[PDB]
Amino acid sequence: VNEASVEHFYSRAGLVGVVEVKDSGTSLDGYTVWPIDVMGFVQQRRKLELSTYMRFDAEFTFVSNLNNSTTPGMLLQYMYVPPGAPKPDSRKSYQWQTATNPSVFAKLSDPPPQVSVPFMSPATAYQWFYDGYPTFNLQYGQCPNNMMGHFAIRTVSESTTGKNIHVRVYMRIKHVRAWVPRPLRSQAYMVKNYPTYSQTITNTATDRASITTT
Amino acid sequence: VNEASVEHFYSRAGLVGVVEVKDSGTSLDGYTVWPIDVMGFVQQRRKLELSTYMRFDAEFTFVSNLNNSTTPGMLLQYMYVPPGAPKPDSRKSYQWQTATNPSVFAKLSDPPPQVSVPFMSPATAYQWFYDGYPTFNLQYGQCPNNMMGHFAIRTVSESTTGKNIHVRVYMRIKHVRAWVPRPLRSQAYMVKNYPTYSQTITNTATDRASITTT
Amino acid sequence: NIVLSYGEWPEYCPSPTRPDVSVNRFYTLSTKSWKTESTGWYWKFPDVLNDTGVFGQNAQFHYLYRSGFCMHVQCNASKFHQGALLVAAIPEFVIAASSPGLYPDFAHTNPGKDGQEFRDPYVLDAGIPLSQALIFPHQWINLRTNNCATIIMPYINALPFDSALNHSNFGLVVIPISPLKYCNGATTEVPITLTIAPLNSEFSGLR
Amino acid sequence: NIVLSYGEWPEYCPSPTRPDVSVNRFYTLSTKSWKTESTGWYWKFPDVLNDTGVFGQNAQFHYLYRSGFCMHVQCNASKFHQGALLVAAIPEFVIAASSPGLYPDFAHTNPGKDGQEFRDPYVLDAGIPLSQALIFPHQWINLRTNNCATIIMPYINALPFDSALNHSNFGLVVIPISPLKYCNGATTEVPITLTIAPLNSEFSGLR
Amino acid sequence: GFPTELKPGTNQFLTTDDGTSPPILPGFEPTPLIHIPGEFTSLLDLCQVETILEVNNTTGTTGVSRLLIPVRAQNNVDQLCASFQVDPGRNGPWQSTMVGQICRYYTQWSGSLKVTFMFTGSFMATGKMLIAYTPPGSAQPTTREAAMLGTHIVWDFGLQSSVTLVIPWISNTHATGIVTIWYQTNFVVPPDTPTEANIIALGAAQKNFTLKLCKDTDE
Amino acid sequence: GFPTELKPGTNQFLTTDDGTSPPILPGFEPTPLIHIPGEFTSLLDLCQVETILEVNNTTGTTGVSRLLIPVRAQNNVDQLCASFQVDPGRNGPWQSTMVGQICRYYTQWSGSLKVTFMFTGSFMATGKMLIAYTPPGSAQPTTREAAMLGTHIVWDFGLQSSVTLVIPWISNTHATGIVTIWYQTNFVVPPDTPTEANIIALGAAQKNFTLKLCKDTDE
Amino acid sequence: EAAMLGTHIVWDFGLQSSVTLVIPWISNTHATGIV
């Protein structure tokens, strides 16, 4: 009790996306945009598709470093492009200054930056399964009201720095409420955003020799 | 409600000026003065010229670094030259020691320095539009009572250091009160401090084919 | 003996046209033939009535729609027939395709008033395992005991009102678990009849 | 039926000479000719009276000044004329020049008691769009309904008192939206008359 | 409170943070606050003020003419006069309205709009106009009779110079309503009177209008 | 509280920590929370719902047939019908159950299980089946008579279509119970009636079931 | 199916041996109902 509660079942902030600010070699960009997708890894998607409707707010945390695990004093900007705003296109973009895009300036040689994001959706709850069509075959069953906005990251810098910076985005689902429990997935996940499966059905249980064999 | 309030409409501290302390190459100065101008960028000027009279106090923040985004232990002095005092002329100026000029000594390898500035004006409120002449053609419509004083920045140093230091000044308008709403600008901004526009008027709305076309 | 989906009678949204018993009548759909090798059938809830009668008119001419339902299955077998059906109501029944051609055809996502026979009854055509479909509201049709099953399902959606044609709320599924076996000399195809009756229906935005 | 600019009757600054009805009389300015192609006119408020009568004397000889105003427009058209004027009062009317010579000439920033005809009525000669000028206090002069419009505008400035000659408080604008059309054989130029009457006026610092 | 631990989230400069900062000039007493008439404290209060709709936005029409719906005499009855969508924040007529401009500073908006029309012809000129409004589902009605079976107002501009049309609801969550004006009757005038007037449309937002999620604009 | 000392444990990012963080979008009022029917707030409440047990998991049997215990006529009496362990969380029949799947998301579990059987033959078909249950200590009874001296239920599927078997306790701390179904009598039918039925087994967990120490799964 | 949207009775003769159908009105003044 209180240990299998639905709140405790989704706690314990875990990795959701490993994005990499490329700035060296053949990728002299210096920025990268990572669209927020809770259903990133399968181990998380299967837990989320347990319920149909879900309402929560997240607490993102960024664990960044260089590739040799050092953390020099480089200065980073993390900008949260809200759902419905334009996303930047290069290192120097007018979008990097729109005061309606919240931004967090934190050096590498600092504790990880942490920011909460509220429940951002027009509906009453996020909806993993949408039996319907928007725009009243590659459009079926895809709800647009689950978008949580983007996260753009750039080094506050003039030219290229020649240092790749790996970033690890961690997320903590707070205040979880869920509705309409569903059967847990049984087949492999063939494709993102679609429940398609393989022609070769795999039994849910492992097959023994006889019905009278233990 | 409470989301389109006039206070929330001007919150969310945003960039107002990117000044650069040049100290290398052909610019062995080591200091730079940035006169405070809220109406720096157009995206901010258009929001401010919505109202005619405005009263507030700002909370400036300085996000400084070198050009490779590093932040060594260099020591900086930020001095606020109040409205009506003389501004320095070089690295070593008697003005750098006038105890009536508040100053903030903070290294680069420290959190950004933050200072509030109170409502500094002889009038009751800042006035973006001044239909009149001071000094009772290049003097019309220019109120002098909007000056908020200067911000001078120098590296506390003996000789030149050979390191350009870019500084990003962020400002947060607190306690905003506004009067006499005005129509939002319709034409391009041709020139700073003047509402002059181009001979080629651009329609406020986009032109369709016919009045019976959607 | 009627199952109450999640235990909430359907209710009008408190404050839009509220129809009457002229619309809230019993629509008796066609009867499908439960044969031995038959795999099952499913209907999308609001989609099954979008082209029949006054309810079809209201759905195809208004903009917002919300209604409960009192789906009702009955099957008339003899006393010498044997078998067992599972009828459940699945909210947000998202049919998925089966790649070895990556998304289901419209004839499989909105079958209409005629229903569609399952292609993969084990995995419910949606990857989830049948052995767990009982987590939804359901009733067992076991020929030796009962031959009817009524499910009252209220309105389950994120928004208060939604389009009656673009987004189908839930799906009624009926699958034979224990296949139909019968000795020689009986009616070789038990008939299954599905009666629907909307409840506390509402529309808004006519024409 | 008189509009109250921002809903505040003009009031004396509580504690300077307070003039009397000898000054607080109705100054009737000249009448301008509203023709078909005419674009409109504007007057700077305190500037329009700085050279006429006792008020002109008080303004041109004292140092500080504050006063309200009861601007009043009327136009005497026939019943067969058609048209529509927009009259509004714009605080801090900062006229701007129109570069293709970068600042407006003094004859355009302080026209005097004769008014100035607009060069760009669409953009109010100030970049702002006419379609929004209604955000200011205004009244519609539509010939089929009414032919008068009164605006009571109190004293709006940052400082308590100001110079009557250096800084003009606001500007009265009157623009034809729907142009004046009339069949053949009528008075081809409707006359527009502007009556002004200061209210709760004050001065200080004589000679 | 003597022993303390620096939890994660230190030294971060969060731009949208409401922290405190030391005053740079203590003791400095700013200028006292005297009363100024005309204070506004909510952009919604601005949105609710009727402004003109640039309805005649067509290629060629310039200047103030872009704010006039022409109404001419030899328009055979049951012909269509004017039409425009109801979307304060899509590139169209509503850009010229106060609410149309403010909503571009926000992301989401939902509420009920009103559109006031005003006839500006000769007093002697009589006639009748039919204003219909089609909800966002359907498409524009093609004939006057088809529009007659909808939320419409018959408008006898001979008797009333100005009417008002309320729009029930227009939400922006992710297909918008349309308003059409139909020549109900002909245009009747006694002799020696102009035979071409103008209708002026004024847009606004009712008291139930709301905004959310401010953002930058697109000029 | 002005002087402070940074005790050890600073700057550590503890993933499973319940710290606080500044809201990124202050003032933003999220969509109000309307009522939705069908809220679940404890996985145990899900565990308690009876679901089908993939009892016939044998090499070759595919499709829905894997959920059926066949019961045939020419089965001489006192022969064994079916058997399966009681271990919701070991690779076996219980994988197909809701509780079987949830317990793989936890480490420890202890409580009492119930298993409901259901006969799906002709109405006219009568007979008798013996369901025994052997505690985790012993081994599977080899003959019906040996099982008869245990916690068993005689089940006359001619009279009752479905019975229920409670399991006293099954704990996971570090050897599990077994359930066997025996042909008590023959399979008796009147003429012209199928002579092969199916028994369906439904598993669940009673109210005293508990879990602990959530962890990742093994698909 | 077309008749199903009318005044009808579903009759499960397995359960009920006999049902009754009332006809609302049939007048002879000067085109008759059908069952």
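Criteria and thresholds
- Residues numbered from 1 in each chain as written, not as in the entry; some residues may be left out.
- Chains lettered and ligands numbered in written order.
- Part of a larger assembly, values for the part shown.
- Heavy atoms only, no water.
- Residues with missing side-chain atoms left out of burial classes, pairs and counts.
- Helix = DSSP H or I, 4+ residues; strand = E, 2+ residues; numbered from the N terminus.
- Contact = heavy atoms within 4.5 Å.
- Buried < 20%, exposed > 50% of the residue type's maximum accessible area, 1.4 Å probe, protein only.
- Pairing = 2+ DSSP bridges.
- Salt bridge = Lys/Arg side-chain N within 4 Å of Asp/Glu carboxyl O.
- Nonpolar A, V, L, I, M, F, W, Y, C, P; charged D, E, K, R; others polar.
- Core = buried A, V, L, I, M, F, W, Y, C linked by side-chain atoms within 4.5 Å.
- Axes fitted to C-alpha atoms, helices over the stretch in contact; angles between N-to-C directions.
- Arc of directions from axis to C-beta.
- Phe/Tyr/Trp six-rings, centres within 6.5 Å; stacked < 30°, edge-to-face > 60°.
- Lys NZ or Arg CZ within 6 Å of the ring centre and 35° of its normal.
- Polar contact = N/O pair within 3.5 Å; in protein donor to acceptor, adjacent residues only side chain to side chain.
- Disulfide = S-S within 2.5 Å.

- In the PDB header, cryo-EM is given as the technique by which the entry was determined, and 3.33 Å as its resolution.

## Structural notes on the overall build of chain A
For step 1, the next point in the chain: Looking only at helices and strands, chain A has two helices and 11 strands in total.
For step 2, the next point in the chain: When its helices and strands are written in sequence order, chain A yields α-β-β-α-β-β-β-β-β-β-β-β-β.
For step 3, the next point in the chain: Each principal axis of the C-alpha atoms in chain A carries an extent, and together these give about 70 × 45 × 40 Å.

## Things to note about the overall build of chain G
For step 1, the next point in the chain: Assigned secondary structure in chain G consists of zero helices and zero strands.
For step 2, the next point in the chain: Taken along its principal axes, the extent of the C-alpha atoms in chain G is 40 × 25 × 10 Å.

## Things to note about the interface of chain C and chain F
For step 1, the next point in the chain: Contacts between the two partners involve 31 residues from chain C, matched on the other side by 39 residues from chain F.
For step 2, the next point in the chain: Listing elements by their share of the side of chain C that touches chain F, those giving two or more residues are β6 (82-91), β9 (138-142) and β11 (170-181) of chain C.
For step 3, the next point in the chain: Per element, the largest residue contribution to the side of chain C that touches chain F is five residues, and it comes from β11 of chain C.

## Focus on the pairing of β6 of chain C
Residue and element names in this part refer to chain C.
For step 1, the next point in the chain: Most of β6 is tucked away: 10 of the 10 residues are buried.
For step 2, the next point in the chain: Because side chains alternate across β6, one face comprises the buried residues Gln82, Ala84, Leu86, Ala88 and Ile90, and the other comprises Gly83, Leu85, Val87, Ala89 and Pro91, equally buried.
For step 3, the next point in the chain: Where β6 and β11 come together, nine bridges link them in antiparallel fashion. By the bridge assignment for β11, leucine 86 is matched with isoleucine 175.

## Digging into unusual backbone geometry
For step 1, the next point in the chain: In this structure, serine 69 of chain B takes a positive phi of about 65 degrees despite not being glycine.
For step 2, the next point in the chain: Among the secondary structure elements, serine 69 of chain B is positioned in the loop between β3 (51-66) and β4 (75-81).
For step 3, the next point in the chain: With phi around 55 degrees, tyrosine 6 of chain D is a residue other than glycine that occupies positive phi space.
For step 4, the next point in the chain: Turning to its location among the elements, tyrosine 6 of chain D is positioned in the loop between β1 (3-4) and β2 (27-28).
For step 5, the next point in the chain: Residue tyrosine 6 of chain D is classed as partly exposed on the basis of its relative accessible area, which comes to 23%.

## With respect to the pattern of salt bridges
For step 1, the next point in the chain: A complete count under the given rule lists 20 salt bridges over all chains for this structure.
For step 2, the next point in the chain: Ionic pairing is found between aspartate 156 of chain E and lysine 128 of chain E, a salt bridge with its closest N-O pair at 3.0 Å. Here the residue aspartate 156 of chain E occupies a position in the loop between β9 (151-155) and β10 (162-166), and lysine 128 of chain E occupies one in strand β8 (residues 126-134), the gap between them amounting to 28 residues.
For step 3, the next point in the chain: Residue classification places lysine 128 of chain E among the partly exposed residues on the basis of a relative accessible area of 25%.
For step 4, the next point in the chain: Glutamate 50 of chain F serves as the salt-bridge partner of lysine 114 of chain F, at 3.6 Å between the closest nitrogen and oxygen. Here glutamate 50 of chain F lies in the loop between α1 (43-47) and β2 (51-52) and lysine 114 of chain F lies in strand β6 (residues 113-119), a separation of 64 residues in the sequence.

## Considerations on the sheet that holds strand β5 (residues 108-111) of chain F
Through backbone hydrogen bonds, the strands of a sheet pair up, either in parallel or in antiparallel fashion.
For step 1, the next point in the chain: Strands sit in the order β10-β5-β13 (chain F) across an open sheet of three strands; the sheet is antiparallel. Every interior strand has two partners, whereas the edge strands, β10 (170-171) and β13 (210-212) of chain F, have only one.

## A short note on the interface of chain A and chain F
For step 1, the next point in the chain: Each side of the interface is counted separately: chain A has 52 residues, and chain F has 59 residues.
For step 2, the next point in the chain: Those elements that provide at least two residues to the side of chain A that touches chain F are α1 (6-9), α2 (42-48), β3 (51-66), β6 (114-117) and β10 (173-181) of chain A.
For step 3, the next point in the chain: For the side of chain A that touches chain F, the leading source of residues is β10 of chain A, giving five residues.
For step 4, the next point in the chain: Residues belonging to the side of chain A that touches chain F are distributed by class as follows: 27 nonpolar, 15 polar and 10 charged.

## Considerations on the nonpolar core
For step 1, the next point in the chain: Ranked by size, the top nonpolar core spans 125 residues in total, and within it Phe60 of chain A together with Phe117 of chain F carry the most contacts.
For step 2, the next point in the chain: Once residues lying within four places of it in the same chain are set aside, the contact partners of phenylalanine 60 of chain A are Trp34, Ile36, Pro113, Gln114, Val115, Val117, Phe151, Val169, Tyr170 and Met171 of chain A.
For step 3, the next point in the chain: Formed by 119 residues, the second largest nonpolar core is a distinct cluster that contains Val16, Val21 and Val167 of chain B together with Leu44 of chain E.

## Concerning the side chain of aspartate 57 of chain B
Residues and elements named next belong to chain B.
For step 1, the next point in the chain: Inspection of the secondary structure puts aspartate 57 in strand β3.
For step 2, the next point in the chain: Accessibility expressed as a relative area gives 18% for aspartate 57, which makes it buried.
For step 3, the next point in the chain: Every residue in contact with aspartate 57, bar those within four places of it in the chain, is listed here: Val117, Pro118, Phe119, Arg172, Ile173, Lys174 and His175.

## Quick word on the sheet that holds strand β7 (residues 126-134) of chain F
Residue and element names in this part refer to chain F.
For step 1, the next point in the chain: In spatial order, the strands read β4-β11-β7-β8; together these four strands make up an open sheet with antiparallel pairing. Looking at strand neighbours, the two that pair on one side only are β4 (80-85) and β8 (151-155), the edges of this open sheet. Neighbour-to-neighbour, the strand axes of the sheet open up by a mean angle of 15 degrees, direction not taken into account.
For step 2, the next point in the chain: Inspection of the sheet shows β7 paired to strand β11 (residues 178-188) by eight bridges, in the antiparallel sense.

## Focus: the arrangement of the chains
For step 1, the next point in the chain: Chain A shows no contact with chain D. Their nearest C-alpha atoms sit 23 Å apart.
For step 2, the next point in the chain: Regarding chain B and chain G, the two do not touch, and the least distance separating their C-alpha atoms is 42 Å.

## Description of helix α1 (residues 53-61) of chain C
For step 1, the next point in the chain: Within the sequence span of α1 of chain C, burial applies to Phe55, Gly56, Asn58 and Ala59 of chain C. For α1 of chain C, the buried positions fall inside an angular range of 165 degrees around the axis, keeping them on one side.

## Digging into the packing of aromatic side chains
For step 1, the next point in the chain: Applying the stated criterion across every chain, the model contains 55 aromatic pairs over all chains.
For step 2, the next point in the chain: Between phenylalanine 62 of chain A and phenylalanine 151 of chain A, the aromatic rings sit 5.0 Å apart at their centres with planes inclined by 65 degrees, giving edge-to-face as the arrangement. Each member of the pair, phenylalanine 62 of chain A as well as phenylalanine 151 of chain A, is classed as buried.
For step 3, the next point in the chain: Here the aromatic rings of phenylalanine 55 of chain C and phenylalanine 69 of chain C are separated by 6.2 Å at their centres, their planes lie at 80 degrees, and the arrangement is edge-to-face. Within this pair, whereas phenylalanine 55 of chain C is found in helix α1, its partner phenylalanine 69 of chain C is found in strand β5 (residues 64-75), the two being separated by 14 residues in sequence.
For step 4, the next point in the chain: Ring pairs connect the aromatic residues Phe55, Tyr65, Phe69, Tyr155, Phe170 and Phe203 of chain C, which therefore count as one cluster.
For step 5, the next point in the chain: Positioned over the ring face of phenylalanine 9 of chain A is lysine 47 of chain A, at 4.4 Å from the centre of the ring.
For step 6, the next point in the chain: The ring of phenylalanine 161 of chain D has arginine 66 of chain D sitting right over it, with the charged end atom 5.9 Å from the ring centre.

## Observations regarding the environment of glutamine 77 of chain B
All names here are of chain B.
For step 1, the next point in the chain: Mapped onto the fold, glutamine 77 is located in strand β4.
For step 2, the next point in the chain: On the accessibility criterion, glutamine 77 (2% relative accessible area) is buried.
For step 3, the next point in the chain: Remark: the alpha-carbon pair of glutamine 77 and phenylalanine 105, spanning 28 residues in sequence, is separated by 4.6 Å.
For step 4, the next point in the chain: Setting aside its immediate chain neighbours within four residues, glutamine 77 contacts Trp96, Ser103, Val104, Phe105, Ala152, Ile153, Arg154 and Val156.
For step 5, the next point in the chain: A polar atom in the side chain of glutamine 77 sits 3.1 Å from the side chain of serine 103.

## Quick word on the state of the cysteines
For step 1, the next point in the chain: In total, this model carries zero disulfides over all chains according to the counting rule given.
For step 2, the next point in the chain: The thiol sulfur of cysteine 148 of chain C is not disulfide-bonded, and the nearest other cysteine sulfur, from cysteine 75 of chain C, lies at 9.2 Å.
For step 3, the next point in the chain: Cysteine 183 of chain D takes part in no disulfide bond, and the closest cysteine sulfur, belonging to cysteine 75 of chain D, lies 20 Å away.

## Here we look at the environment of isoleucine 181 of chain E
Residues and elements named next belong to chain E.
For step 1, the next point in the chain: Along the chain, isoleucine 181 falls in strand β12 (residues 178-188).
For step 2, the next point in the chain: Here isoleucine 181 falls in the buried class, since its relative accessible area comes to 2%.
For step 3, the next point in the chain: Sequence-distant contacts of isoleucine 181, defined by excluding residues within four places in its chain, comprise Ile69, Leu80, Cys81, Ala82, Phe117, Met129, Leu130 and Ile131.

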